[PDB]
Amino acid sequence: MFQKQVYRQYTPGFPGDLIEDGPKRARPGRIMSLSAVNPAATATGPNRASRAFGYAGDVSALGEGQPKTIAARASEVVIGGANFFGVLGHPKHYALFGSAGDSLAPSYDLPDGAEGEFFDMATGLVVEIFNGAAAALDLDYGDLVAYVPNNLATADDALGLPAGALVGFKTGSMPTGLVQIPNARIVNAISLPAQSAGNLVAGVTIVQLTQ
Amino acid sequence: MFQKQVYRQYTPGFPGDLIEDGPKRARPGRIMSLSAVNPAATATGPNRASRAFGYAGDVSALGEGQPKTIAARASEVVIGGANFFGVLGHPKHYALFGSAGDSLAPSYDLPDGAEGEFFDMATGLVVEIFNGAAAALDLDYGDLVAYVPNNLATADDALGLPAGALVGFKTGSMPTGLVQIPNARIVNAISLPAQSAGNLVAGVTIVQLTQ
Amino acid sequence: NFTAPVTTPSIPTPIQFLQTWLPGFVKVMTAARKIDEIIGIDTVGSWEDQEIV
């Protein structure tokens, strides 16, 4: 648990944290359970920080009868649905809850119905990027980013990519079934090794310019 | 050259200076010489201010042994470029550095290996604009802009143009070989005379909305 | 068989010295404003107003 080896320098940052200061836009939202999707989800995954989220429906009605009171403006989201809403972030805002076994355990996900922060514009954000080609890749400054859809077909997803994982790609070639995030760039440059089904490398964390 | 004429009012501003305050994004970088470009540069020019720059590579490794020290995040750029990395500005930040014939001479050039500030988002930026097609052009409020690449073909570059000059064009018609800066508008109307090879009119200073 | 010099030959004296700088700066002239000299000025209204009657 404690430190066992000393490194030369500290890490630049942690996923889901703002790393540059500038213009930014964010909105709150409530998370739908993935099983609540009507046509069923071909790709599944937990509500993990630094994943793209999609708009689901308006939940400002706040009532069960014919007359209702619009008390506040609220939106509700799903883990990987279309109609991109934002990217989860700001891990320091939430509570730990531990894990299923015992408390005081490392946890980086969120339960269903929790309130989260979703970024639509950000000068710099630390996120996790996956590889969608099963080959060695380097991203460089100008590459684009896309995220796995909720209903990505199994034929189009040979690898076991999660529901809302972020994927980087070159401006020329893009995976067939992914959904692109407009006006998004990969400011930092890293390299990724070869991938295979059941052996997905997590992908080194990167910095993103969402809008 | 001393004031030989008295006017009723001062000039609105100078190229490379911010003219309006608002949302803004800028990053630092280091300059690469054109000689280091592997496929050789067909279009050449100096590292002049108020001109586009392109991404070259990452120089954050800072070491040669097995354990490296990544103590900073840095990037390096080229004057022509194909991966857009903002526009050089803020002349008050730098120094004269002297000129070939004699020092203490007016110039916007910057030596190789120097550090500059490149703007990606700017509410108002005074720049030096050029004209294409060697014909009289009127820009008006809402035209677009593009910049010359390093690898522009000599067939598409009949008029001798600098490596990273900014060129404005109408929505319908654009010169054959150019790279368009996304989401940029002229904002300030301007008129430019007819041109010829070797006698290109420098244009007039103009406000810009980079993003 | 000249011995290779350690330092590259060059003109010794830099141009920063042997220079003389005049004391001050010169500013652009622009035009004159003489509207007040003709009819004067009267502070009668208030900012954030619209009309005078």
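Quick notes on this one:
- Put simply, the Cα atoms of segment B:71-119 extend 35, 28, 18 Å along their principal axes, the longest span coming first.
- Residue B:44-residue B:95 pseudo-label distance in nm [points 7 Å out on the Cα-to-Cβ vector]: 2.8
- Axis-nearest residue in chain B [Cβ, rotation onto A], distance in whole Å: B:23, 3
- Charge context of residue A:90, other residues only, Cβ under 10 angstrom, K/R +1, D/E -1: -1
- Ascending distances from the residue A:136 label point to its copies in the other chains, with the point 7 Å along the Cα-to-beta-carbon line: 6.0 nm.
- Stokes-Einstein translational diffusion, chain C - Kirkwood Rh over all Cα pairs, 0.692 mPa s, 37 °C, in µm²/s: 165
- Sites excluded, chymotrypsin sites (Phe, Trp or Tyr not before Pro) in DSSP loops with at most 10 other C-beta within 10 Å, longest stretch of chain B: B:11-140
- A quarter of the convex hull surface defined by the alpha-carbon atoms of segment A:79-200 gives 8.9 nm² as the mean projection.
- Contact order relative to length of segment A:65-171, as percent, for alpha carbon pairs under 8 angstrom and 6 or more apart: 28
- Two-site label geometry, residue B:173 and residue C:47: point separation in nm, points 7 Å out along Cα→Cβ: 4.9
- Per-copy distances of the residue B:73 label point, shortest first, in nm (7 angstrom along Cα→Cβ): 3.1
- Restricting the trypsin sites (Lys or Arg not before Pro) of segment A:60-155 to loop positions (DSSP other than H, G, I, E, B) with no more than 11 neighbouring Cβ atoms within 10 Å leaves A:68, A:73.
- Positive contributions from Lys and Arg (+1) and negative ones from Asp and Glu (-1), summed over other residues with Cβ under 12 Å from the Cβ of residue B:184, come out at -1.
- Cα extents of the protein assembly as shown along the three principal axes, largest first (Å): 98, 82, 50
- A DSSP coil position with no more than 16 other Cβ atoms inside 10 Å describes the following trypsin sites (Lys or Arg not before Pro) in segment B:1-39: B:4, B:8.
- Percentage relative contact order, chain A, counting C-alpha pairs under 8 Å, at least six apart: 25
- Value of D in µm² per second that Stokes-Einstein yields for segment B:2-119, Kirkwood Rh from Cα pairs, at 25 °C (0.890 mPa s): 147
- Per-residue Cβ neighbour rank within 10 angstrom, fewest leading, A:31, A:79, A:181: A:181, A:31, A:79
- Chain C - mean residue ellipticity at 222 nm from DSSP helices (-39,500 (n - 2.57) per run, n ≥ 4, rounded to 500): -2000 deg cm²/dmol
- Stokes-Einstein translational diffusion, chain B - Kirkwood Rh over all Cα pairs, 0.890 mPa s, 25 °C, in µm²/s: 133
- Using a 7 Å projection from Cα along Cα-to-Cβ, the label point at residue A:198 is separated from the same position in the remaining copies by 7.2 nm, smallest value first.
- Distance cut-off 20 Å, percentage of C-alpha pairs in segment A:130-211 lying past it: 26
Quick note: the coordinates plus some simple rules give every number you see, no bench work behind them. Virtual Cβ from ideal backbone geometry, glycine too; neighbours counted across all protein chains shown.
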